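Data block for work_14.pdb (PDB, C-alpha atoms and all ligand atoms):
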```
ATOM      1  CA  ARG A 188       7.816 -13.316  -6.208  1.00  0.00           C
ATOM      2  CA  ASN A 189       5.905 -11.158  -8.688  1.00  0.00           C
ATOM      3  CA  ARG A 190       2.709  -9.185  -8.089  1.00  0.00           C
ATOM      4  CA  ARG A 191      -0.112  -9.086 -10.640  1.00  0.00           C
ATOM      5  CA  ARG A 192       0.823  -6.946 -13.641  1.00  0.00           C
ATOM      6  CA  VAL A 193      -1.928  -4.409 -12.965  1.00  0.00           C
ATOM      7  CA  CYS A 194      -2.217  -0.645 -13.438  1.00  0.00           C
ATOM      8  CA  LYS A 195       0.949   1.211 -12.526  1.00  0.00           C
ATOM      9  CA  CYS A 196       0.131   4.833 -13.264  1.00  0.00           C
ATOM     10  CA  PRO A 197       1.883   7.693 -11.384  1.00  0.00           C
ATOM     11  CA  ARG A 198      -1.316   9.747 -11.594  1.00  0.00           C
ATOM     12  CA  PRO A 199      -4.575   7.885 -12.392  1.00  0.00           C
ATOM     13  CA  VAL A 200      -7.255   9.703 -14.384  1.00  0.00           C
ATOM     14  CA  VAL A 201      -9.766  11.453 -12.125  1.00  0.00           C
ATOM     15  CA  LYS A 202     -13.161  12.974 -12.917  1.00  0.00           C
ATOM     16  CA  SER A 203     -12.076  16.611 -13.191  1.00  0.00           C
ATOM     17  CA  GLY A 204     -10.690  19.254 -15.529  1.00  0.00           C
ATOM     18  CA  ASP A 205      -8.020  21.950 -15.450  1.00  0.00           C
ATOM     19  CA  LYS A 206      -9.783  25.171 -16.438  1.00  0.00           C
TER      20      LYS A 206
ATOM     21  CA  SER B   7     -29.862   0.141 -14.991  1.00  0.00           C
ATOM     22  CA  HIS B   8     -28.634  -3.421 -14.465  1.00  0.00           C
ATOM     23  CA  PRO B   9     -25.652  -4.276 -12.199  1.00  0.00           C
ATOM     24  CA  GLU B  10     -22.234  -2.949 -13.219  1.00  0.00           C
ATOM     25  CA  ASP B  11     -20.539  -6.222 -12.268  1.00  0.00           C
ATOM     26  CA  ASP B  12     -18.606  -7.588 -15.245  1.00  0.00           C
ATOM     27  CA  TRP B  13     -14.968  -7.944 -14.204  1.00  0.00           C
ATOM     28  CA  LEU B  14     -13.823 -10.107 -11.283  1.00  0.00           C
ATOM     29  CA  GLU B  15     -16.005  -7.874  -9.078  1.00  0.00           C
ATOM     30  CA  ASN B  16     -17.159  -4.939 -11.233  1.00  0.00           C
ATOM     31  CA  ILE B  17     -13.537  -4.141 -12.097  1.00  0.00           C
ATOM     32  CA  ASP B  18     -12.354  -1.930 -14.950  1.00  0.00           C
ATOM     33  CA  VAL B  19      -9.272  -2.035 -17.168  1.00  0.00           C
ATOM     34  CA  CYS B  20      -7.040   1.039 -17.305  1.00  0.00           C
ATOM     35  CA  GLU B  21      -6.615   1.643 -21.038  1.00  0.00           C
ATOM     36  CA  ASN B  22      -3.763   3.973 -20.063  1.00  0.00           C
ATOM     37  CA  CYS B  23      -1.506   0.961 -19.508  1.00  0.00           C
ATOM     38  CA  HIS B  24      -3.908  -1.897 -20.371  1.00  0.00           C
ATOM     39  CA  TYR B  25      -3.408  -3.208 -16.831  1.00  0.00           C
ATOM     40  CA  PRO B  26      -6.579  -3.752 -14.717  1.00  0.00           C
ATOM     41  CA  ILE B  27      -7.309  -0.976 -12.217  1.00  0.00           C
ATOM     42  CA  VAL B  28      -8.668  -2.526  -9.026  1.00  0.00           C
ATOM     43  CA  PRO B  29      -9.646  -0.752  -5.816  1.00  0.00           C
ATOM     44  CA  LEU B  30      -8.010  -1.123  -2.407  1.00  0.00           C
ATOM     45  CA  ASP B  31      -9.063  -4.498  -1.003  1.00  0.00           C
ATOM     46  CA  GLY B  32      -8.980  -4.458   2.786  1.00  0.00           C
ATOM     47  CA  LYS B  33     -12.328  -5.973   3.737  1.00  0.00           C
ATOM     48  CA  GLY B  34     -14.043  -9.352   3.637  1.00  0.00           C
ATOM     49  CA  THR B  35     -12.281 -11.221   6.432  1.00  0.00           C
TER      50      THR B  35
HETATM   51 ZN    ZN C   1      -3.021   2.569 -15.507  1.00  0.00          ZN
END
```
Would you mind writing the file out in structure tokens?
Ligand SMILES: [Zn+2]
Amino acid sequence: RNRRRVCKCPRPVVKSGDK
Amino acid sequence: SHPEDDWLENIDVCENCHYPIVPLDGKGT
């Protein structure tokens, strides 16, 4: 009926940067 | 040091949405 209201992120935080 | 098991199986809560972030569970059977 309804799944556990857990994390629903369209891009989880990963150990990395952007530079 | 010490085991990192303190959340229904060393789970962590994603502060991003407050909803618990669990890992793919496909073993144990
Ligand atoms: Zn999340």
Check: Which residues come within 10 Å of region 198-203 of chain A, counting all atoms listed in the file, excluding same-chain residues fewer than 3 positions away, as a ChimeraX atom specification?
Finding: /A:194-195,206 /B:20,22,27
Checklist line | Best match for closeness to ligand ZN 1 (chain C) among B:9, B:32, B:15, B:23, counting only C-alpha atoms and all ligand atoms | finding: B:23
Next item on the list: Name the closest residue to chain A among the candidates B:30, B:24, B:10, B:16; distances are taken between atoms, counting only C-alpha atoms.
Entry: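 Looking at the shortest contact to chain A, the residue is B:24.
Across the structure, CA of residue 34 (chain B) and CA of residue 7 (chain B) are spaced 26.2 Å apart.
Picture a line from CA of residue 192 (chain A) to CA of residue 19 (chain B); it runs 11.8 Å.
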Notebook entry, point to check: How many Å lie between CA of residue 197 (chain A) and CA of residue 33 (chain B), rounded to one decimal?
Noted result: 24.8 Å
Note to self: Please determine, counting all atoms listed in the file, which residue among B:25, B:11, B:31, B:18 has the shortest atom-to-atom distance to ligand ZN 1 (chain C).
What the structure shows: B:25
Report as lines of an AutoDock Vina configuration file the centre and the edge lengths, in Å to one decimal, of the axis-aligned box holding every listed atom of region 196-204 of chain A, padded by 4 Å on each side.
```
center_x = -5.6
center_y = 12.0
center_z = -13.5
size_x = 23.0
size_y = 22.4
size_z = 12.1
```
Could you write region 10-31 of chain B of the block just shown to a file containing C-alpha atoms, as a PDB file, in the first residue's frame?
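Saved the output as result.pdb:
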```
ATOM      1  CA  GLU B  10      29.273   1.846  14.119  1.00  0.00           C
ATOM      2  CA  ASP B  11      25.990   0.003  14.682  1.00  0.00           C
ATOM      3  CA  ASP B  12      23.396   2.391  16.109  1.00  0.00           C
ATOM      4  CA  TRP B  13      20.428   2.436  13.736  1.00  0.00           C
ATOM      5  CA  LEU B  14      18.424  -0.673  12.823  1.00  0.00           C
ATOM      6  CA  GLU B  15      21.690  -2.084  11.424  1.00  0.00           C
ATOM      7  CA  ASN B  16      24.244   0.756  11.438  1.00  0.00           C
ATOM      8  CA  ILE B  17      21.855   2.923   9.413  1.00  0.00           C
ATOM      9  CA  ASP B  18      22.084   6.689   8.968  1.00  0.00           C
ATOM     10  CA  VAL B  19      19.444   9.388   8.555  1.00  0.00           C
ATOM     11  CA  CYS B  20      19.614  11.625   5.486  1.00  0.00           C
ATOM     12  CA  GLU B  21      19.360  15.130   6.946  1.00  0.00           C
ATOM     13  CA  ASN B  22      18.672  16.275   3.378  1.00  0.00           C
ATOM     14  CA  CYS B  23      15.084  15.050   3.687  1.00  0.00           C
ATOM     15  CA  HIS B  24      15.101  13.695   7.271  1.00  0.00           C
ATOM     16  CA  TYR B  25      14.178  10.286   5.844  1.00  0.00           C
ATOM     17  CA  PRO B  26      16.476   7.338   6.767  1.00  0.00           C
ATOM     18  CA  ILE B  27      18.974   6.372   4.063  1.00  0.00           C
ATOM     19  CA  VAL B  28      19.321   2.590   4.009  1.00  0.00           C
ATOM     20  CA  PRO B  29      21.445   0.486   1.670  1.00  0.00           C
ATOM     21  CA  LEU B  30      20.215  -2.030  -0.898  1.00  0.00           C
ATOM     22  CA  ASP B  31      19.043  -5.111   1.002  1.00  0.00           C
TER      23      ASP B  31
END
```
